[PDB]
Each structure stands twice: as structure tokens, then as C-alpha cells.
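The structure under discussion appears below in the form of C-alpha cells.
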Amino acid sequence: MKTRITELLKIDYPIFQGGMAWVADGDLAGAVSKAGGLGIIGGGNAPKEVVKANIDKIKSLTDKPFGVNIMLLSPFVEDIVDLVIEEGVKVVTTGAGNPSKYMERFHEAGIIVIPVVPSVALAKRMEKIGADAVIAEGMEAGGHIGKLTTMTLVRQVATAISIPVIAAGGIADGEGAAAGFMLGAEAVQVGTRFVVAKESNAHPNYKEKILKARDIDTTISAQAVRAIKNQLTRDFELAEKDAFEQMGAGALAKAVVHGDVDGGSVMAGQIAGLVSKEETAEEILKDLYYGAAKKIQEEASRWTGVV
Amino acid sequence: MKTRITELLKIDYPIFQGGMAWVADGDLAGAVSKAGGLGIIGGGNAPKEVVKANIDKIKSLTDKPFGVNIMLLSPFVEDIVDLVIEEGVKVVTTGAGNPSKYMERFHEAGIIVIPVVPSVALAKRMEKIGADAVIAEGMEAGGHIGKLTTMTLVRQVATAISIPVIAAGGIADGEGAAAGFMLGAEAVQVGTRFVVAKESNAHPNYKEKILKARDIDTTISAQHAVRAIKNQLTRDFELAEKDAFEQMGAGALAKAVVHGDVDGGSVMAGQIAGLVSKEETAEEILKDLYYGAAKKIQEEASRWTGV
Ligand SMILES: O=C(O)COc1ccc(-c2c[nH]c(CNC(=O)Nc3ncc(Sc4ccccn4)s3)n2)cc1
Ligand SMILES: O=C(O)COc1ccc(-c2c[nH]c(CNC(=O)Nc3ncc(Sc4ccccn4)s3)n2)cc1
Ligand SMILES: Cc1cc2nc3c(=O)[nH]c(=O)nc-3n(C[C@H](O)[C@H](O)[C@H](O)COP(=O)(O)O)c2cc1C
Ligand SMILES: Cc1cc2nc3c(=O)[nH]c(=O)nc-3n(C[C@H](O)[C@H](O)[C@H](O)COP(=O)(O)O)c2cc1C
Ligand SMILES: [Ca+2]
Ligand SMILES: [Ca+2]
Ligand SMILES: [Ca+2]
Ligand SMILES: [Ca+2]
């Protein structure tokens, strides 16, 4: 099977493992790319030399295509722009801001640019400035969120633009992934579920937090970031009532690296209640792709001959 | 095609026009039922005598199945429970609370009860007291909302229960409706788009504000949290909360729906309002949703064939 995304990136499955701060090292990314998806290295707030070690890690693991995520609120944003170009990266995703100022530089470098868009207006602007595709991220996602859900944003983005759309936010199995294709997308982007992958270097405490979570276990803090509820999210809310960087500084690192799941930031999506097994990256990819195929096929049998 | 909902309810299409305070009178619920879906009179906050007039109006328009919505925050809840049983209404949907104390009375009346549920724990419990089906409503929906999205709530509720699930929130076309079926749903509930139906008695001003809205033109107010299209009321209400209500809130929806005061009334509508761009008959809407979905499911299955 083929979609414009499998053709554009030269990959087996129309699935991205979304770039994540701290979680998406060369190990996670490498395992995804290896099995046939697009593994994506999360730039995050990391210095150039930390992100570079990751790019080196991945190349030594596989020759398959890979992306690098540039998170536009990073203090080292300009260094990572240099880096993706310098290291020969073919795909760039961008998140948490407008990447417009870097678009011509990326395209002169032969790089494929796929921004994350939170609205139809920004989706269209990206199309008119040359963007090769866009990612519509719903508010149900883990991490730094917009306002619109996946249901409404994907459909309205897909309708507004002629470039290919990718659904992100709230997908953790084949049924969820196939829904993304119905809303008009040609690829899915998955975050929360890849965190529990065997190759993921997220601390056992962070993985077990996700695994035990119920549907309602997430909250939005710092109004904006979706995370699993703990002492830190309760602290922040209370200090929101009172009125602050003592809490917020290094919070994700505390969680992802050191396993402090009380005082750390345990970002994860509303779909974490559906995630309850540790698997390899390949086992996750196959479940999403063949799980979707199966469900699309079963529904077509139901609706067959209707006109 | 057949779903467990089409067979429980004996309806031609697995689509509910969602029970809506003020909007969902007899003429709208009639046209939906007459065209072959499930039209639903919304009880809202209305006295027993007003809802009876609606029930009286619908029976004279169509012989086909119809539902009545019981909104549980109503001052007149006990009377609307009475009313449905006395007038031989065969289906009841509920919203804004827990209907558990009414379950045994409804079933002794031979009534089919379909509660809206905001979580997995409430879906499971409704299943355990004998509910015939539930509605999963996402926070993207118009009106009074929970915290989970359609993408994530419908997945996790379809998964937790063996009774049929109906997907609500963010569906205005066949691609949207197909997506809901993909997540585990056996029918869809549509609100926003039915407001602009030719047979809807919503004020031309109110229909105009939907037709001209963008994806981003809704906001959450009063977080009883209501989703509505941004205007002077939402601006004044947000500010009134900001520094710190019944003077502003009282009768707000009636002012917009009936009188067309879309400046200072509550224009409840979903994030999918940016997609709703024309006035159509109820039948034209039902047919677009149904056959739109069919063609999208059929299209994607030829794309995925052999996988
Ligand atoms: O320019 C504007 O204001 C509008 O433009 C945009 C606004 C928002 C977005 C957007 C929303 N979501 C995303 C992708 N998701 C994310 O970026 N989620 C993230 N999680 C953890 C992150 S790390 C971090 C975060 C904050 C501070 C320091 N570090 S980023 N992009 C894209 C474009
Ligand atoms: O266990 C509990 O605490 C109660 O559980 C529930 C909690 C929430 C819900 C729920 C949320 N949304 C829905 C279905 N949607 C709606 O109920 N939407 C509505 N729009 C306009 C309405 S009219 C109104 C509303 C408030 C005050 C005065 N009038 S109701 N049900 C259902 C059950
Ligand atoms: C822990 C965590 C960190 C993330 N970091 C980034 C990031 O640095 N840049 C970005 O564009 N998106 C970031 N995201 C979003 C993901 O790339 C992806 O779009 C999202 O997880 C999809 O939603 P889901 O969690 O339901 O699967 C992050 C998400 C999580 C959960
Ligand atoms: C104006 C308006 C009034 C509503 N009133 C009720 C109600 O009284 N009881 C209820 O259970 N749901 C109510 N709802 C929810 C709808 O029946 C339906 O589930 C919802 O609108 C679906 O989301 P959508 O707007 O994206 O289609 C209302 C929705 C709107 C837009
Ligand atoms: Ca398109
Ligand atoms: Ca490891
Ligand atoms: Ca089920
Ligand atoms: Ca009329």
C-alpha cells in the first residue's frame, strides 16, 4: 500500500514516532526507523552536541530514513537549524512555534519540512510558503498542546489544504489510527505509546506511570501542557490559586531520566489509559498498521454495496 | 448495512440528531425521524407542558421512531420522566448527570435508555445497572462538556463495555462519521450541523454565526463549562470570572436560539462549526453523513486491499 507520505519519505508504514523532548533519543528513533516507520529525533531544549550524539547514534543503527524535530522555543534553536543541515538530515518536523524564518534555508538545503499546525489559518500559510506537509496535533496529545481536538482539526486542515496531512494526538491502536485516515490524513503520528516501547530510555517509573493510568488521569497545567497528575501538577494548580520556576525547571528531565514521578513532569496523552503493555517498537508499529487494515476491512464488509 | 443500534431502534440510518435544549423541538426531530434517522426532542430546562407540545407535534408529522432527551440539571426532571412514560415514548437519552435512579422505572415501562457518559468508569457503571447503550460525547461538542475528546473517549469506552456505543462531538460529514465507526462506535450523534437544517427553528442570526465561524471561533466558558461561539457574552463572562454570573447566564441560550440575540446570548456550537457552510434539509444532512461515510470507507478499503 502507498500514501503520498510513504512516497515522499520512502518508508514502509505511514506512521511517525513523534519527536519528544528527552524521550526521543537515537535509540528509540533508531528502532522505529529500523522496523519501517519514521523515527524522529527530538531536539527539545538540548544543546547542539547532545542532539548530535543522537544523530550519530541513529546512523550507526540503521540506514533507513529518519526525521529530526526542532522545537522552536529552544534556547539553542539556531544551533539545531545549523546541525540538521550540517549532518545531512532529510526530514525535519517543527513544533511549538512558527518555523517560517527557516523555510527557505531548509529548502535550499534540499530538506523536507513538515511543521506542526494548531489551526486552519497556520496550515494554509505553511502551504503557501512551500511546506511539503503538515501535522495536525489535537489537544488530547501529551506535552505542549493547542486548543482544537484531533477529530475537528485533522478534518478541517485536510479540507483546507492540498498538501498531505498527518494526524497526531490520541492514537494508540489500529482503530484509532484508521480513524485518522478517515478524517482525511495520509499518515499518523504517535507519542505516548512509543514512550513505553522496549527501546525507549524513559525511566521504568515513567513507563509504569503511563501503564497504570486511567482515562481521566491526565490534566492541563500552566495555563499549557498535558501530563499525568502527581504532586507537581497539584502544586502548580495551588500556586496558580495563590498568585514558580523552582517547580518548572528541569521537571521533564527529573521524570524521564531520574524517575522522580512525584516532583517531575510526566507528560503523556489522554490515550495513556488505553496503553498498558511494554512492547518493542516493531510490535507497536505492526499493531497500529495491521490493526488499522483489519478494522478498515471489517467496516467495508459492513457497509459494502451502499449508494 | 446493520449495526446493533439500527436493530435495537428499528431505524434506517445509524445517526441521532442529538437532543438539544431549545433547538430540538418537534419540527426538527420530526424531519430527522421522517427521513429515517433518530430525531430527539430535547427536554432542556423546559416545563412538562412545553415538551408535551413537542411530543404532540412530532407524532403528527411522522410515524417513525423518535427519542426524548432528559437533561438531568433541569428543575423539571421528575415531570419529564413522568411525561415520556405517559406518552408512550420508546427511546430516552440522558445528559448532564447520573440517570441511575430512573433506570428501573424506565425499563418497567418498556423504555430503551441511552445515557451520555463522560468517562470509562461511568460507562461501565451504566452497563452494570442495565443501560441498553451509551453515548460517548467529546469536549469538542457544542454545549455543556466534559474533559476527554471524541478520539480518546470513544476508543476507551468502546473498549471497556460490551453494550453498543454511539460517538458524539465533532462530526459534520461522512469522513467524520466513518472515523467514529472506526473508533468502536455503532452509531453517531450530530448536534451543531442539525442546528442549520432548513427545518430547524433556530434563529437565522444563530444559523448565520455557525455558517460564518472558523475552526478557532469557539471557547469554553463558565468552567457549568459550556462550549460556545465567541461574542460579547463570552468576553464579559470570562472577565467576570477573571478578577474573582446568574445575572448574565439566566436565559442566555433562549435569547440566541429564539430571539437571535447572538451578541449577548449563548451561541452553543462545536469546534466543527468551521466546517458547516450551508443550510440544507434534514434529509440532505442525513444522506451526506451516511453515503459520505460509505464512499469514504469504500475508498479507503481499495487503498488498503492486500494488507
Ligand atoms: O506562532 C504561534 O503562536 C502559533 O504557532 C504554533 C503554535 C503551537 C504549535 C504546536 C502545538 N503543539 C505542537 C507540538 N507539540 C509540542 O511541541 N509539544 C511539546 N511538548 C514538550 C515540549 S518541550 C518544551 C515545551 C515548552 C517549553 C520548553 N520545552 S514541546 N506545536 C505549532 C505552531
Ligand atoms: O457522575 C456525575 O457526576 C455525573 O456524570 C455526568 C457528567 C457529565 C455528563 C454530560 C456532559 N455532557 C453531557 C451531554 N451534553 C449536555 O448535557 N449538553 C448540554 N448542553 C446544554 C444543556 S442545558 C443546561 C446545561 C447546564 C445548565 C443549565 N442548562 S446540557 N452529559 C453526563 C454525566
Ligand atoms: C513527553 C512528550 C514530549 C514531547 N515533546 C515534543 C517536542 O519536543 N516537539 C514536538 O513538536 N512535539 C512534542 N510532543 C508531541 C509528540 O511529538 C506527538 O505529537 C504527540 O505525542 C502525539 O500525541 P499522543 O501523545 O496522544 O500520541 C511531545 C509529547 C510528549 C508526550
Ligand atoms: C445548542 C446545543 C444544545 C444542547 N443541549 C443538550 C441537552 O439539553 N442535553 C444533552 O444531553 N445534550 C445537549 N447537547 C449535546 C448534543 O445533543 C450533541 O451531543 C452534541 O452537540 C454533539 O456534538 P457536536 O455539536 O459536535 O455535533 C446540546 C448541544 C448543542 C449544540
Ligand atoms: Ca486535502
Ligand atoms: Ca535502553
Ligand atoms: Ca465494546
Ligand atoms: Ca419552522
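The figures here come from the full heavy-atom set of this structure, side chains too, leaving out hydrogens, waters and symmetry mates. Whatever order the structure lists ligands and atoms in, that order sets their numbers, starting from 1. Residue numbers start from 1 in every chain, and the chains themselves are labelled A, B, ... in the order their sequence lines are given, proteins ahead of strands.
- The atoms of ligand 4 that sit less than 4.0 Å from any heavy atom of B:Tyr206 are 1 (C).
- Classification of A:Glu299 and A:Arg302 as a salt-bridged pair holds, one side-chain N sitting under 4.0 Å from a carboxylate O.
- For atom 9 (N) of ligand 4, the candidate residues are B:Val116, B:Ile145, B:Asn69; the nearest heavy-atom contact is made by B:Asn69.
- Inclusion of B:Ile163 in the first shell of the Ca ion (ligand 7) is not supported: no N, O or S atom falls under 3.0 Å.
- The shell of residues lying under 4.0 angstrom from ligand 2, judged by heavy atoms, includes B:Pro118.
- Remark: the backbone N or O of A:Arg155 is paired with a side-chain donor or acceptor of A:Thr159 at under 3.5 angstrom.
- When B:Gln189, B:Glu137, B:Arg193 are ranked by how near their heavy atoms come to atom 15 (C) of ligand 4, first place goes to B:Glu137.
- Contact annotation for B:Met20 and ligand 2: no heavy atom of the residue comes within less than 4.0 Å of the ligand.
- Under 4.0 Å is where a charged nitrogen must lie from a carboxylate oxygen, and between B:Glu279 and B:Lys207 at least one such pair does.
- Checking B:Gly18, B:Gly19, B:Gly191, B:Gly143 against atom 14 (N) of ligand 4, the nearest heavy atom belongs to B:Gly19.
- Of all protein heavy atoms, the one closest to atom 33 (C) of ligand 2 is B:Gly97 O, 3.3 Å.
- Classification of B:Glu280 and B:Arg193 as a salt-bridged pair holds, one side-chain N sitting under 4.0 Å from a carboxylate O.
- Taking every non-hydrogen atom of B:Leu73 and a distance limit under 4.0 Å, the qualifying atoms of ligand 2 come out as 26 (C), 27 (C).
- Nearest to atom 22 (C) of ligand 4 by heavy atom, out of B:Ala273, B:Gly169, B:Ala46, is B:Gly169.
- Considering all non-hydrogen atoms of both residues, A:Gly138 and A:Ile145 come closest at O-CG2, 4.3 Å.
- What sits closest to atom 4 (C) of ligand 4 on the protein, heavy atoms only, is B:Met20 CA, 3.5 Å.
- Each of the following atoms of ligand 2 lies closer than 4.0 Å to a heavy atom of B:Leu122: 1 (O), 5 (O).
- In summary, of the residues considered (B:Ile40, B:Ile15, B:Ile114), a side-chain contact (heavy atoms from CB on, under 4.5 Å) with B:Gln189 occurs for B:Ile40 alone.
- Between B:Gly170 and ligand 4, a contact under 3.5 Å exists for at least one N or O pair.
- The contact set between ligand 4 and B:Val190, taken as ligand atoms under 4.0 Å from a residue heavy atom, comprises 27 (O).
- Within 6.0 Å of the CZ atom in B:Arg105, the count of heavy atoms belonging to other residues, nucleotides or ligands exceeds 12.
- Heavy-atom proximity to B:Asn45, at under 4.0 Å, picks out these atoms of ligand 2: 24 (C), 28 (C), 29 (N).
- Among the atoms of B:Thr192, some N or O lies under 3.5 angstrom from an N or O of ligand 4.
- Ion pairing between B:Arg4 and B:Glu186 holds under the 4.0 Å rule for side-chain N and carboxylate O.
- When the shell of 6.0 Å around CD of B:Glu108 is examined, it contains 12 or fewer heavy atoms from other residues, nucleotides or ligands.
- Taking every heavy atom of B:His144 and a limit of under 4.0 angstrom, the matching atoms of ligand 2 come to 11 (C), 12 (N), 13 (C), 15 (N), 16 (C), 18 (N), 19 (C), 20 (N).
- The option from B:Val116, B:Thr94, B:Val226 that lies nearest to atom 13 (C) of ligand 2, judged by heavy atoms, is B:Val116.
- Among B:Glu137, B:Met71, B:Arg227, the residue whose heavy atom lies nearest to atom 14 (C) of ligand 2 is B:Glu137.
- Scanning all protein heavy atoms for the shortest distance to atom 5 (N) of ligand 4 gives B:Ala21 N, 3.1 Å.
- Near B:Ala96, meaning under 4.0 Å from any of its heavy atoms, are these atoms of ligand 2: 9 (C), 10 (C), 13 (C), 17 (O), 31 (N), 32 (C).
- For the Ca ion (ligand 7), the set of nearby N, O or S atoms under 3.0 Å includes one belonging to B:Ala158.
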